[PDB]
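For reference, the structure discussed in these notes is given below.
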Amino acid sequence: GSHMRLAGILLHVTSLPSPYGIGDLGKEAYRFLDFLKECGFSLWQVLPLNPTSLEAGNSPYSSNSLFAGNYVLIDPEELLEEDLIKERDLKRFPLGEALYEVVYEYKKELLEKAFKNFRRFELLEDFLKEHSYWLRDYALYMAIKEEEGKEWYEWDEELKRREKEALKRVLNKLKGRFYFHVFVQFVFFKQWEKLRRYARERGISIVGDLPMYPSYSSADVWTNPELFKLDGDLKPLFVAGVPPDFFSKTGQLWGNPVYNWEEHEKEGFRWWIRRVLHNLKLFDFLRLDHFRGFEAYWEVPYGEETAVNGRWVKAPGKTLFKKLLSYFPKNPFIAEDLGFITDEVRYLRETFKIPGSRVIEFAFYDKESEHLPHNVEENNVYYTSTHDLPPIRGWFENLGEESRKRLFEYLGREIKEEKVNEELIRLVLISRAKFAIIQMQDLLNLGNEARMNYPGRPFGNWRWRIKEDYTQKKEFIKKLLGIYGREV
């Protein structure tokens, strides 16, 4: 048999066991890629690399920029190698949960110190040209936010509405601060470029993640207000979310401003094209968060406390993706098409041959679930579980008797709770899904304590890190990949 059959691991950079309070793009990232290669994995899925904040619960999906990189993921040991900091500035922390509060402050201090002892500004100018379409705006956005200590919609009216002359004045004023913020982005993107080359030379493709929406408090809304549904004062007229389920009682209010899609179509979808081009500098595949929003999105009036009184509004997905697939004909797209799926959505997805998502954790609530292995078609990415879900072992712990029965009957036997991960990994690998992805927590057989994110809950999330030597799992998982024809 000679089919396209790949396997991968879902693991966010923060979860790497790096020594400085959080995972980074340094030694441990390379060690993890070595582990991928040795096992025969071909795929690595990360979450969005956009800057995070305490205010937004450290969520990768609520950032002040859809383009920028997150400075807390920077490896500070490269700063030591380039003689930008001293050895005593480095400061080890024991392996535990991601120390967001402390790394925001600590890595900012290391980068402030490195910028002082820096020097090669000509390399910064070439970087700025390459990323001119977003970085001039982002670095200036960050410099003004620093000075005024306020969000963009609270700034003086002239800077808020991006009057040409006012932008020039404030740039020259905060010139030193402007270049600090490009320097931070320079350091991040150069470290990712190096890591990406290492991955690519070993046949590993990186699956990145594109959030549907920016946060209202972002350089993106600031720079392109007409691309969102705002009123005369640039406050949101409508905001994003999803309607009430039988899961949730009153839906979720995401609080993003919604797109004015008629304006995107008017400008030939060039903002979305720029998003894709930018992200393809980093990633091989782009997972489209809330894919169903390209067919229709839930829109609720601003000022509403819940998402109950919204409505479905059609978006121009057919026109958008026709243009995107013309610009990017090798098709980097993966659809996150879980939840609120209709046949309209499935038709949009399949019209453009975009692989869907399936998750075996969803397979045993119904006897004919489309997430059962035998129902997963080739053009799909098949997960054991995702970062929005409990790891398989913790899911199984709380699984109801009826769903347990369905699981046991599918395997043909009752199995002990500690063996469930292995059994479900096998089911995912034996499927004909072209990409099979195991969440790292499942590989390590971890429970509810290792859950990355709990949707609905604002805080406590995105903190899980590897604490153990995961390379001990290599002989077991390597064997499995080879048995099910996904070892390369």
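Ligands are numbered from 1 in the order shown, chains are lettered A, B, ... in the order of the structure tokens, and residues start at 1 in each chain.
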- Item | Non-local contacts of stretch 409-421 of chain A (8 Å; only C-alpha atoms; under 6 positions in same chain excluded) as a ChimeraX atom specification | /A:392-393,396-397,442-443,445
- Task: Can you pull out every residue within 10 Å of stretch 241-254 of chain A, counting only C-alpha atoms, but drop anything in the same chain fewer than 2 positions away, and send it as a VMD selection string?
- Result: chain A and resid 62 213 215 239 256 to 258 293 297 to 300 304 to 312 339 to 340 455 to 456
Print the selection's residues with N, CA and C atoms to a file, as a PDB file, in the first residue's frame.
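Once written, result-v8.pdb looks like this:
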ATOM      1  N   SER A  62      -7.533  35.443  21.564  1.00  0.00           N
ATOM      2  CA  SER A  62      -7.953  36.816  21.866  1.00  0.00           C
ATOM      3  C   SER A  62      -6.734  37.726  22.034  1.00  0.00           C
ATOM      4  N   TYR A 213     -11.762  35.658  14.261  1.00  0.00           N
ATOM      5  CA  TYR A 213     -11.948  37.074  14.588  1.00  0.00           C
ATOM      6  C   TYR A 213     -10.742  37.591  15.374  1.00  0.00           C
ATOM      7  N   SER A 215      -9.621  40.405  18.401  1.00  0.00           N
ATOM      8  CA  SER A 215     -10.275  41.096  19.509  1.00  0.00           C
ATOM      9  C   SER A 215     -10.565  42.543  19.108  1.00  0.00           C
ATOM     10  N   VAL A 239     -21.589  42.215  17.817  1.00  0.00           N
ATOM     11  CA  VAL A 239     -20.469  41.403  18.298  1.00  0.00           C
ATOM     12  C   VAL A 239     -20.707  39.908  18.052  1.00  0.00           C
ATOM     13  N   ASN A 256     -16.015  39.683  20.304  1.00  0.00           N
ATOM     14  CA  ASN A 256     -15.350  40.234  19.118  1.00  0.00           C
ATOM     15  C   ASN A 256     -16.346  41.054  18.308  1.00  0.00           C
ATOM     16  N   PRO A 257     -15.870  42.077  17.614  1.00  0.00           N
ATOM     17  CA  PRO A 257     -16.684  42.735  16.593  1.00  0.00           C
ATOM     18  C   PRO A 257     -16.816  41.827  15.377  1.00  0.00           C
ATOM     19  N   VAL A 258     -17.982  41.814  14.745  1.00  0.00           N
ATOM     20  CA  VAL A 258     -18.195  40.971  13.575  1.00  0.00           C
ATOM     21  C   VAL A 258     -17.702  41.676  12.329  1.00  0.00           C
ATOM     22  N   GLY A 293     -18.488  29.925  10.176  1.00  0.00           N
ATOM     23  CA  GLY A 293     -18.697  31.363  10.089  1.00  0.00           C
ATOM     24  C   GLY A 293     -18.525  31.945   8.683  1.00  0.00           C
ATOM     25  N   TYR A 297     -22.655  33.511  10.193  1.00  0.00           N
ATOM     26  CA  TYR A 297     -22.128  33.787  11.526  1.00  0.00           C
ATOM     27  C   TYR A 297     -23.202  34.346  12.451  1.00  0.00           C
ATOM     28  N   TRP A 298     -23.061  34.058  13.736  1.00  0.00           N
ATOM     29  CA  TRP A 298     -24.004  34.519  14.736  1.00  0.00           C
ATOM     30  C   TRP A 298     -23.679  35.965  15.134  1.00  0.00           C
ATOM     31  N   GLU A 299     -24.666  36.839  14.984  1.00  0.00           N
ATOM     32  CA  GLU A 299     -24.485  38.271  15.181  1.00  0.00           C
ATOM     33  C   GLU A 299     -25.472  38.785  16.246  1.00  0.00           C
ATOM     34  N   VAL A 300     -24.942  39.347  17.340  1.00  0.00           N
ATOM     35  CA  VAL A 300     -25.789  39.867  18.431  1.00  0.00           C
ATOM     36  C   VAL A 300     -25.517  41.376  18.696  1.00  0.00           C
ATOM     37  N   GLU A 304     -25.743  43.808  24.688  1.00  0.00           N
ATOM     38  CA  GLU A 304     -26.396  42.599  25.178  1.00  0.00           C
ATOM     39  C   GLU A 304     -25.466  41.845  26.128  1.00  0.00           C
ATOM     40  N   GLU A 305     -26.038  41.282  27.188  1.00  0.00           N
ATOM     41  CA  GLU A 305     -25.255  40.582  28.208  1.00  0.00           C
ATOM     42  C   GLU A 305     -25.021  39.126  27.820  1.00  0.00           C
ATOM     43  N   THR A 306     -25.945  38.567  27.037  1.00  0.00           N
ATOM     44  CA  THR A 306     -25.813  37.195  26.533  1.00  0.00           C
ATOM     45  C   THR A 306     -25.961  37.156  25.008  1.00  0.00           C
ATOM     46  N   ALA A 307     -25.811  35.962  24.435  1.00  0.00           N
ATOM     47  CA  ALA A 307     -25.855  35.789  22.980  1.00  0.00           C
ATOM     48  C   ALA A 307     -27.219  35.254  22.512  1.00  0.00           C
ATOM     49  N   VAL A 308     -28.230  35.368  23.368  1.00  0.00           N
ATOM     50  CA  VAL A 308     -29.540  34.776  23.098  1.00  0.00           C
ATOM     51  C   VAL A 308     -30.255  35.500  21.955  1.00  0.00           C
ATOM     52  N   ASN A 309     -30.178  36.831  21.954  1.00  0.00           N
ATOM     53  CA  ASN A 309     -30.957  37.649  21.016  1.00  0.00           C
ATOM     54  C   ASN A 309     -30.153  38.023  19.767  1.00  0.00           C
ATOM     55  N   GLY A 310     -29.486  37.037  19.179  1.00  0.00           N
ATOM     56  CA  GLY A 310     -28.750  37.242  17.944  1.00  0.00           C
ATOM     57  C   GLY A 310     -29.498  36.717  16.730  1.00  0.00           C
ATOM     58  N   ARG A 311     -28.782  36.587  15.618  1.00  0.00           N
ATOM     59  CA  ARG A 311     -29.335  35.991  14.406  1.00  0.00           C
ATOM     60  C   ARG A 311     -28.226  35.493  13.494  1.00  0.00           C
ATOM     61  N   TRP A 312     -28.553  34.533  12.646  1.00  0.00           N
ATOM     62  CA  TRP A 312     -27.610  34.035  11.666  1.00  0.00           C
ATOM     63  C   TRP A 312     -27.560  34.970  10.462  1.00  0.00           C
ATOM     64  N   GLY A 339     -19.364  21.692  15.619  1.00  0.00           N
ATOM     65  CA  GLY A 339     -20.354  22.488  16.327  1.00  0.00           C
ATOM     66  C   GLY A 339     -21.114  23.438  15.413  1.00  0.00           C
ATOM     67  N   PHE A 340     -22.444  23.426  15.536  1.00  0.00           N
ATOM     68  CA  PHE A 340     -23.317  24.261  14.706  1.00  0.00           C
ATOM     69  C   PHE A 340     -23.093  24.001  13.219  1.00  0.00           C
ATOM     70  N   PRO A 455     -13.805  25.738  27.515  1.00  0.00           N
ATOM     71  CA  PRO A 455     -14.611  26.790  26.880  1.00  0.00           C
ATOM     72  C   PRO A 455     -15.726  27.290  27.791  1.00  0.00           C
ATOM     73  N   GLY A 456     -15.968  28.598  27.775  1.00  0.00           N
ATOM     74  CA  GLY A 456     -16.923  29.211  28.679  1.00  0.00           C
ATOM     75  C   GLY A 456     -16.242  29.851  29.877  1.00  0.00           C
TER      76      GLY A 456
END
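Minimum atom-to-atom distances from A:222, A:42, A:465, A:479 to residue A:95 were compared using only C-alpha atoms, and the lowest value belongs to A:465.
Atom CA of residue A:37 is found 9.8 Å from atom CA of residue A:478.
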- Contacts of stretch 181-193 of chain A at 7 Å (only C-alpha atoms; same-chain gap of 4+ positions) as a ChimeraX atom specification: /A:25,68-69,71,74,124,127,135,139,177,197
For the residues selected in the previous step, produce a file with N, CA and C atoms as a PDB file, in the first residue's frame.
ATOM      1  N   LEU A  25      10.823  28.732  21.753  1.00  0.00           N
ATOM      2  CA  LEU A  25      11.244  28.281  20.429  1.00  0.00           C
ATOM      3  C   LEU A  25      12.709  27.815  20.433  1.00  0.00           C
ATOM      4  N   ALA A  68       1.166  39.391  14.625  1.00  0.00           N
ATOM      5  CA  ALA A  68       2.380  39.426  15.438  1.00  0.00           C
ATOM      6  C   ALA A  68       2.621  38.084  16.141  1.00  0.00           C
ATOM      7  N   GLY A  69       3.852  37.881  16.600  1.00  0.00           N
ATOM      8  CA  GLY A  69       4.191  36.742  17.423  1.00  0.00           C
ATOM      9  C   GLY A  69       4.209  37.082  18.909  1.00  0.00           C
ATOM     10  N   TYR A  71       5.759  37.286  22.476  1.00  0.00           N
ATOM     11  CA  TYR A  71       7.152  37.474  22.905  1.00  0.00           C
ATOM     12  C   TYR A  71       7.559  36.539  24.063  1.00  0.00           C
ATOM     13  N   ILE A  74       9.668  33.448  23.207  1.00  0.00           N
ATOM     14  CA  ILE A  74      11.040  33.645  22.764  1.00  0.00           C
ATOM     15  C   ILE A  74      12.016  32.929  23.692  1.00  0.00           C
ATOM     16  N   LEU A 124      17.202  45.108  11.102  1.00  0.00           N
ATOM     17  CA  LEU A 124      15.841  45.459  11.492  1.00  0.00           C
ATOM     18  C   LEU A 124      15.086  46.128  10.338  1.00  0.00           C
ATOM     19  N   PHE A 127      13.899  43.558   7.815  1.00  0.00           N
ATOM     20  CA  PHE A 127      12.776  42.853   8.423  1.00  0.00           C
ATOM     21  C   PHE A 127      11.494  43.670   8.287  1.00  0.00           C
ATOM     22  N   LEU A 135       3.547  45.320  10.271  1.00  0.00           N
ATOM     23  CA  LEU A 135       4.465  45.548  11.396  1.00  0.00           C
ATOM     24  C   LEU A 135       4.653  47.035  11.718  1.00  0.00           C
ATOM     25  N   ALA A 139       3.819  47.886  15.599  1.00  0.00           N
ATOM     26  CA  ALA A 139       4.848  48.455  16.466  1.00  0.00           C
ATOM     27  C   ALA A 139       4.475  49.876  16.922  1.00  0.00           C
ATOM     28  N   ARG A 177      10.765  53.747  20.932  1.00  0.00           N
ATOM     29  CA  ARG A 177       9.816  52.742  21.409  1.00  0.00           C
ATOM     30  C   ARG A 177       9.258  51.924  20.241  1.00  0.00           C
ATOM     31  N   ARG A 197      12.657  25.728   9.593  1.00  0.00           N
ATOM     32  CA  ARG A 197      13.609  25.098   8.681  1.00  0.00           C
ATOM     33  C   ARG A 197      14.025  23.730   9.207  1.00  0.00           C
TER      34      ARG A 197
END
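Non-sequential neighbours of residue A:482 (distance at most 10 Å, separation of 4 or more positions within a chain, only C-alpha atoms) are residues 39, 40, 429, 477, 478, 486, 487 and 488 of chain A.
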Export C-alpha atoms of the chosen residues as a CSV table (one decimal), in the first residue's frame?
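Generated output (again38.csv):
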chain,number,residue,atom,x,y,z
A,39,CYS,CA,8.9,8.3,15.9
A,40,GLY,CA,8.0,8.8,12.2
A,429,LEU,CA,-4.5,5.5,13.3
A,477,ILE,CA,4.3,5.1,19.5
A,478,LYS,CA,6.9,4.5,16.7
A,486,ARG,CA,1.7,6.3,9.1
A,487,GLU,CA,5.4,6.0,9.9
A,488,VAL,CA,7.6,8.0,7.6
- Message: Based on the backbone DSSP call, show me all residues of stretch 159-246 of chain A assigned helix (DSSP H, G or I), as an MDAnalysis selection string.
- Response: chainID A and resid 159:160 164:173 175:201 219:223 225:227
Those residues with C-alpha atoms, as a PDB file, in the first residue's frame please?
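Once written, out.pdb looks like this:
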ATOM      1  CA  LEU A 159      -4.787  58.943  16.475  1.00  0.00           C
ATOM      2  CA  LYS A 160      -7.924  56.831  16.995  1.00  0.00           C
ATOM      3  CA  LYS A 164      -2.368  60.901   8.260  1.00  0.00           C
ATOM      4  CA  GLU A 165      -0.495  63.819   9.849  1.00  0.00           C
ATOM      5  CA  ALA A 166      -1.102  62.800  13.480  1.00  0.00           C
ATOM      6  CA  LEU A 167       0.412  59.336  12.816  1.00  0.00           C
ATOM      7  CA  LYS A 168       3.597  60.885  11.391  1.00  0.00           C
ATOM      8  CA  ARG A 169       4.091  63.141  14.427  1.00  0.00           C
ATOM      9  CA  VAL A 170       3.623  60.462  17.076  1.00  0.00           C
ATOM     10  CA  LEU A 171       5.905  57.993  15.197  1.00  0.00           C
ATOM     11  CA  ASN A 172       8.914  60.314  15.245  1.00  0.00           C
ATOM     12  CA  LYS A 173       8.189  61.137  18.901  1.00  0.00           C
ATOM     13  CA  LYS A 175      10.729  56.418  17.469  1.00  0.00           C
ATOM     14  CA  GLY A 176      12.847  54.566  20.019  1.00  0.00           C
ATOM     15  CA  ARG A 177       9.816  52.742  21.409  1.00  0.00           C
ATOM     16  CA  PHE A 178       8.598  51.925  17.893  1.00  0.00           C
ATOM     17  CA  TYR A 179      11.864  50.179  17.065  1.00  0.00           C
ATOM     18  CA  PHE A 180      11.871  48.223  20.345  1.00  0.00           C
ATOM     19  CA  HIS A 181       8.613  46.602  19.282  1.00  0.00           C
ATOM     20  CA  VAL A 182       9.867  45.727  15.797  1.00  0.00           C
ATOM     21  CA  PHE A 183      13.020  44.328  17.463  1.00  0.00           C
ATOM     22  CA  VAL A 184      10.843  42.055  19.620  1.00  0.00           C
ATOM     23  CA  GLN A 185       8.993  40.830  16.513  1.00  0.00           C
ATOM     24  CA  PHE A 186      12.325  40.435  14.698  1.00  0.00           C
ATOM     25  CA  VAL A 187      13.649  38.173  17.468  1.00  0.00           C
ATOM     26  CA  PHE A 188      10.464  36.081  17.452  1.00  0.00           C
ATOM     27  CA  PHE A 189      10.186  35.580  13.702  1.00  0.00           C
ATOM     28  CA  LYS A 190      13.887  34.781  13.273  1.00  0.00           C
ATOM     29  CA  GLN A 191      13.628  32.116  15.984  1.00  0.00           C
ATOM     30  CA  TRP A 192      10.532  30.656  14.308  1.00  0.00           C
ATOM     31  CA  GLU A 193      12.214  30.747  10.883  1.00  0.00           C
ATOM     32  CA  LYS A 194      15.086  28.674  12.293  1.00  0.00           C
ATOM     33  CA  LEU A 195      12.737  26.207  13.982  1.00  0.00           C
ATOM     34  CA  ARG A 196      10.588  25.912  10.862  1.00  0.00           C
ATOM     35  CA  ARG A 197      13.609  25.098   8.681  1.00  0.00           C
ATOM     36  CA  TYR A 198      14.649  22.413  11.145  1.00  0.00           C
ATOM     37  CA  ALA A 199      11.132  20.911  10.960  1.00  0.00           C
ATOM     38  CA  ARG A 200      10.862  21.137   7.143  1.00  0.00           C
ATOM     39  CA  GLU A 201      14.244  19.461   6.497  1.00  0.00           C
ATOM     40  CA  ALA A 219      -4.133  46.719  15.906  1.00  0.00           C
ATOM     41  CA  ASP A 220      -6.231  44.914  13.265  1.00  0.00           C
ATOM     42  CA  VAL A 221      -9.542  46.630  14.078  1.00  0.00           C
ATOM     43  CA  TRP A 222      -7.679  49.903  14.619  1.00  0.00           C
ATOM     44  CA  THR A 223      -6.098  49.716  11.117  1.00  0.00           C
ATOM     45  CA  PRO A 225     -12.296  49.685  11.051  1.00  0.00           C
ATOM     46  CA  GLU A 226     -14.372  49.586   7.830  1.00  0.00           C
ATOM     47  CA  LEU A 227     -13.790  45.788   7.747  1.00  0.00           C
TER      48      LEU A 227
END
- Message: Can you pull out every residue from stretch 102-317 of chain A that DSSP, working from the backbone, puts in strand (DSSP E), and format the result as a PyMOL selection string?
- Response: chain A and resi 205-210+238-242+252-257+285-288+296-301+311-314
Please report, as JSON lines, each residue of stretch 184-302 of chain A lying at most 12 Å from stretch 327-330 of chain A, together with the nearest pair of atoms and the separation in Å rounded to one decimal; use only C-alpha atoms, and order rows by chain and ascending residue number.
{"residue": "A:268", "atom": "CA", "partner": "A:327", "partner_atom": "CA", "distance": 11.9}
{"residue": "A:269", "atom": "CA", "partner": "A:327", "partner_atom": "CA", "distance": 11.2}
{"residue": "A:270", "atom": "CA", "partner": "A:327", "partner_atom": "CA", "distance": 10.7}
{"residue": "A:272", "atom": "CA", "partner": "A:327", "partner_atom": "CA", "distance": 11.2}
{"residue": "A:273", "atom": "CA", "partner": "A:327", "partner_atom": "CA", "distance": 7.9}
{"residue": "A:274", "atom": "CA", "partner": "A:327", "partner_atom": "CA", "distance": 10.6}
{"residue": "A:276", "atom": "CA", "partner": "A:328", "partner_atom": "CA", "distance": 8.7}
{"residue": "A:277", "atom": "CA", "partner": "A:328", "partner_atom": "CA", "distance": 8.6}
{"residue": "A:280", "atom": "CA", "partner": "A:328", "partner_atom": "CA", "distance": 9.9}
{"residue": "A:284", "atom": "CA", "partner": "A:330", "partner_atom": "CA", "distance": 10.4}
{"residue": "A:285", "atom": "CA", "partner": "A:330", "partner_atom": "CA", "distance": 10.3}
{"residue": "A:286", "atom": "CA", "partner": "A:328", "partner_atom": "CA", "distance": 11.6}
- Item | For residue A:108, the nearest of the candidates A:401, A:72, A:79, A:4, counting only C-alpha atoms | A:72
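Between atom CA of residue A:102 and atom CA of residue A:12 lies a distance of 18.9 Å.
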- Message: Using only C-alpha atoms for the distances, tell me which of A:19, A:460, A:211, A:1 is nearest to residue A:101.
- Response: A:460
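Each of A:481, A:407, A:288, A:381 was compared to residue A:436 using only C-alpha atoms, and A:381 turns out to be the nearest.
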List the neighbours of residue A:18 out to 9 Å using only C-alpha atoms; skip same-chain residues closer than 5 positions along the sequence, and give me the result as a PDB file with N, CA, C and O atoms, in the first residue's frame.
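Done, and the output landed in around_17.pdb:
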ATOM      1  N   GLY A  23       7.067  27.312  27.779  1.00  0.00           N
ATOM      2  CA  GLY A  23       7.676  26.733  26.592  1.00  0.00           C
ATOM      3  C   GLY A  23       8.094  27.814  25.607  1.00  0.00           C
ATOM      4  O   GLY A  23       7.453  28.865  25.527  1.00  0.00           O
ATOM      5  N   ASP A  24       9.176  27.559  24.859  1.00  0.00           N
ATOM      6  CA  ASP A  24       9.718  28.552  23.928  1.00  0.00           C
ATOM      7  C   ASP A  24      10.268  27.903  22.637  1.00  0.00           C
ATOM      8  O   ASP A  24      10.183  26.689  22.455  1.00  0.00           O
ATOM      9  N   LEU A  25      10.823  28.732  21.753  1.00  0.00           N
ATOM     10  CA  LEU A  25      11.244  28.281  20.429  1.00  0.00           C
ATOM     11  C   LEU A  25      12.709  27.815  20.433  1.00  0.00           C
ATOM     12  O   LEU A  25      13.359  27.762  19.383  1.00  0.00           O
ATOM     13  N   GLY A  26      13.217  27.474  21.613  1.00  0.00           N
ATOM     14  CA  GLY A  26      14.608  27.090  21.770  1.00  0.00           C
ATOM     15  C   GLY A  26      14.793  25.588  21.904  1.00  0.00           C
ATOM     16  O   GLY A  26      14.043  24.803  21.326  1.00  0.00           O
ATOM     17  N   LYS A  27      15.798  25.204  22.682  1.00  0.00           N
ATOM     18  CA  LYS A  27      16.294  23.821  22.735  1.00  0.00           C
ATOM     19  C   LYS A  27      15.171  22.765  22.772  1.00  0.00           C
ATOM     20  O   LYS A  27      15.241  21.755  22.079  1.00  0.00           O
ATOM     21  N   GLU A  28      14.149  23.005  23.585  1.00  0.00           N
ATOM     22  CA  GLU A  28      13.115  21.996  23.835  1.00  0.00           C
ATOM     23  C   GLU A  28      12.158  21.850  22.657  1.00  0.00           C
ATOM     24  O   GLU A  28      11.564  20.790  22.461  1.00  0.00           O
ATOM     25  N   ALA A  29      12.001  22.918  21.884  1.00  0.00           N
ATOM     26  CA  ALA A  29      11.270  22.848  20.627  1.00  0.00           C
ATOM     27  C   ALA A  29      11.993  21.937  19.637  1.00  0.00           C
ATOM     28  O   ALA A  29      11.367  21.130  18.956  1.00  0.00           O
ATOM     29  N   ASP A  75      13.007  32.275  23.096  1.00  0.00           N
ATOM     30  CA  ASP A  75      14.078  31.633  23.844  1.00  0.00           C
ATOM     31  C   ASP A  75      15.133  32.673  24.242  1.00  0.00           C
ATOM     32  O   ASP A  75      15.823  33.215  23.387  1.00  0.00           O
ATOM     33  N   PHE A  93      13.413  28.317  36.198  1.00  0.00           N
ATOM     34  CA  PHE A  93      12.266  27.920  37.015  1.00  0.00           C
ATOM     35  C   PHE A  93      12.041  26.406  36.872  1.00  0.00           C
ATOM     36  O   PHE A  93      12.280  25.843  35.806  1.00  0.00           O
ATOM     37  N   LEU A  95      10.080  22.799  36.380  1.00  0.00           N
ATOM     38  CA  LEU A  95       9.060  22.416  35.403  1.00  0.00           C
ATOM     39  C   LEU A  95       7.698  22.299  36.083  1.00  0.00           C
ATOM     40  O   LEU A  95       7.481  21.418  36.922  1.00  0.00           O
TER      41      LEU A  95
END
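The interatomic distance for the pair atom CA of residue A:259 and atom CA of residue A:55 works out to 23.1 Å.
Among A:207, A:345, A:315, A:56, the residue with the shortest atom-to-atom distance to residue A:279, counting only C-alpha atoms, is A:207.
Excluding residue A:141 itself and any same-chain residue fewer than 3 positions from it, the protein and nucleic acid residues within 8 Å of it, counting only C-alpha atoms, are residues 137, 138, 144, 145, 152 and 219 of chain A.
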